[PDB]
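Next come the chains, spelled out residue by residue.
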Amino acid sequence: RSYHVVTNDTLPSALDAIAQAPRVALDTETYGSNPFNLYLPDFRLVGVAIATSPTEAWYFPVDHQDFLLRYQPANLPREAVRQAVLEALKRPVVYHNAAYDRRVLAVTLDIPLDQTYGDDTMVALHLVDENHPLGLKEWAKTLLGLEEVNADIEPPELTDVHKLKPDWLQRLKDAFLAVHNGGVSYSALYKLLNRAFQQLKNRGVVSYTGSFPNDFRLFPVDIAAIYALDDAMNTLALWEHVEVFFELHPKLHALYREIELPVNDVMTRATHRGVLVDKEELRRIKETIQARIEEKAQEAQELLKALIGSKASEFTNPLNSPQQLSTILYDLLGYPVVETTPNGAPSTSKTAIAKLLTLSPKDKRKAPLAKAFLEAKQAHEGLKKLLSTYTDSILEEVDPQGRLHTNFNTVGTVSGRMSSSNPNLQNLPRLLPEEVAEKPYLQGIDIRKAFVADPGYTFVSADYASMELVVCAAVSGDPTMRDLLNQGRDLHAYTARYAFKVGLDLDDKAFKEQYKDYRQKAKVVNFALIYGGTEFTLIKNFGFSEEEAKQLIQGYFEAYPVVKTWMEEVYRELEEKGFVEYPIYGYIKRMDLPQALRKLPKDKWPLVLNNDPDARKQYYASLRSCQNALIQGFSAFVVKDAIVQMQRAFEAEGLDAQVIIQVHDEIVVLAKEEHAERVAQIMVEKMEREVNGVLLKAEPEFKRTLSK
């Protein structure tokens, strides 16, 4: 491997090599307080790695700096590095995490997302093995046979305890290269650099406060460029493997080019744009949460006052302090200790408290107050978690111009759904009537109301009507399920009418009124039974009676029998082939087999399964996970497909619209007020379709906040 550190003199040769390269890889080395929030004023680009072949790369130092001694070469001018990247973009480009690197290039070098589109090994390799980690380090060990070296390297003698050796940097680089056969780890590189400066501090060479700082800017470029350049060469080497795999699977090659890479691009642009944040409304949520956390402590106090009487004065902060808490629950109330900490003290944790909301205390008369007391503690920690996750940890991250840049990981689930972070939009409570009535402390805590559309802009939101049921009927292919969905009939009333055999003449509207709570028991089944259903799952999860569970499950399969036969074939094909192929998209959902069974003849499998109960537990969990992913993953790709198609049409019609967020069965676009009209039209046209004869419909809304 040839590692080049580019200088003003070497730049024309690096440009010549890039121009001649058949395909190039781009990797960025950066620094920030949050190196992920590129939009904070402290964020900086340190260097750019450009690999022209799997064995040749060029490092462009941009913001490297000198620690105590003068060893760094002159950083290249920002315009020189930008011209190198622009020349590299003319050739076919490959990235490992294009969503990050393309946003780095746009923020630090002003190279718009328009120019920076390229291939992404991390996205393509997710189609090769979704159960494999996304890490470039991890994939390099898996396909390229290159483990990272995490040994402890000790430096050569850089002194002669009086004079620094003139060639000390060449001596240090050579000590590093002697152990770099498969490539040194970042931790090991830091340890050697720190050890080298510590030897210098022990001699009279340098005098620094304490330890060497963990700052890539200070790592000598001659050594650091080896690390950075290996990442770019490994990305290119991994792409060679991807092209071979795509030869074997042209259905996945087309799924990658038409849906996966374009959807990644759409969501990279969405993170880049960022949603505007109402800081005033955030303070109201923060102040309302803070008020309610305090409210819940007074509730706990008045409850404790009745629970332990006059001894309740002897406790000032029972909820917060786990000292006063374990004394109350166990020592005083006589609660059965069904969990302890590593140090053997009785555990007052979230998990342990969930258990005591079934269990009972010594005086069974105090039980309704003890229940109320633990419920107050649950609500207290519930409200307390909302603050520590999204009021302050959401306000920290807001860029100078008040926008929040939510990250989306296009390949963030084994099913194929998008992951979301900073903020995880899934874990933002959309205050649904059931969500609230279960956990009522959420009432009024609308976090999405603080996510605002810019002045002159609107949010055009569109939600797939009862998608889970549509997708279920589509993937399974039950005609009864499909026809009811197309006829707009209450699928749940059809289930309850078959499971209980009551009122076989009350229309779907009349049945809802008369046998109300039996229709809602079927509404639970129609949704939970798609992901594999047994009487055990209905009881050990929903609190169903043994009589009720059998009534419902026999009716669900009597009414929609193709669901049963479909489910039989999914579990049968998974047990034999070890994977399933997605109906319309062709995504392969492979099973995450236990380490035993991996590279083992199927005839040798029963020996493993029949003996090892841990491996069989992994096997059967992996089997259910694949079946579940067939439904979530199918709708994930349907939504992904709609996003790229609607976004392509906004671009085509010259509209000021861009898909800003997507969560659950919902797509939100940030559109200019005049364009909102047509944006909503395009949204519904690209969203509504007829999957396997099952009709998908979607109703649009013009919101000014992401709120519900």
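Residues numbered from 1 in each chain as written, not as in the entry; some residues may be left out. Heavy atoms only, no water.

- As summarised from the PDB record, the model derives from X-ray crystallography at a stated resolution of 2.972 Å.

- As recorded in the PDB entry, the protein chain goes by the name DNA polymerase I, listed as coming from Thermus phage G20c.

### Focus on the pattern of salt bridges
- Going through the model one piece at a time under the given rule, you end up with 52 salt bridges.
- Salt-bridge contacts for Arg-102 lead to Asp-265; the nearest nitrogen and oxygen are separated by 2.8 Å. Here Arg-102 matches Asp-265 in class, with each residue buried.
- Here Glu-339 and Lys-355 are joined by a salt bridge, their closest N and O atoms 3.2 Å apart. Residue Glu-339 is located in the loop between α11 (322-332) and α12 (350-356), and its partner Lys-355 is located in helix α12; the two are separated by 16 residues in the primary sequence.
- Overlapping salt bridges bring together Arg-448, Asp-463, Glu-666, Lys-703 and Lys-708 as one network. (Salt bridge = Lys/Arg side-chain N within 4 Å of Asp/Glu carboxyl O. Buried < 20%, exposed > 50% of the residue type's maximum accessible area, 1.4 Å probe, protein only. Helix = DSSP H or I, 4+ residues; strand = E, 2+ residues; numbered from the N terminus.)

### Thoughts on the environment of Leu-333
- By secondary structure assignment, the location of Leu-333 is in the loop between α11 and α12.
- In this structure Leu-333 comes out as buried when scored by relative accessible area, which is 5%.
- Excluding its chain neighbours within four sequence positions, the residues that come into contact with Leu-333 are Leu-307, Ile-308, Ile-328, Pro-361 and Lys-362. (Contact = heavy atoms within 4.5 Å.)

### A word on the packing of aromatic side chains
- For the structure on display, the rule yields 32 aromatic pairs.
- On the basis of an interplanar angle of 55° and a centroid distance of 6.0 Å, the ring pair of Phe-245 and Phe-246 is categorised as tilted. Grouping residues by exposure puts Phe-245 and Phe-246 together as buried.
- With centroids separated by 5.8 Å and ring planes inclined at 50°, the aromatic side chains of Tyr-585 and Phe-634 adopt a geometry described as tilted. Residue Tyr-585 is found in the loop between β13 (579-581) and β14 (588-590), and its partner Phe-634 is found in helix α24 (residues 613-652); the two are separated by 49 residues along the sequence.
- Here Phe-634 falls in the buried class, since its relative accessible area comes to 1%.
- Feature note: the residues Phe-67, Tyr-71, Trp-168, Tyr-186, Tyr-190, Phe-197, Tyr-208, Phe-212, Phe-216, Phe-219 and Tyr-227 constitute an aromatic cluster, connected by ring pairs.
- The ring of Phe-557 is capped by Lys-564, whose NZ or CZ atom sits 4.2 Å from the centre of that ring.
- Of note, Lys-672 hangs over the ring of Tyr-457, and the distance from its end group to the ring centre comes to 5.3 Å. (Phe/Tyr/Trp six-rings, centres within 6.5 Å; stacked < 30°, edge-to-face > 60°. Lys NZ or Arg CZ within 6 Å of the ring centre and 35° of its normal.)

### Digging into the domain arrangement of the protein chain
- Along its sequence, the protein chain is organised into domain 1 (281-388) and domain 2 (468-633).
- The C-alpha centroid of domain 2 is placed 38 Å from the C-alpha centroid of domain 1. (Domains from an automatic or database assignment.)

### With respect to the nonpolar core
- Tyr-556, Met-646 and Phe-650 are the most contacted members of the largest nonpolar core, which totals 183 residues.
- For this core, the leading source of residues is α24, giving 17 residues.
- If sequence neighbours within four positions are ignored, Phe-650 has contacts with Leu-655, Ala-657, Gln-658, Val-659, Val-669, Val-679, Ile-682 and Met-683.
- Core analysis: the next-biggest nonpolar cluster, separate from the first, contains 31 residues, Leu-26, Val-62, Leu-76 and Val-85 among them. (Core = buried A, V, L, I, M, F, W, Y, C linked by side-chain atoms within 4.5 Å.)

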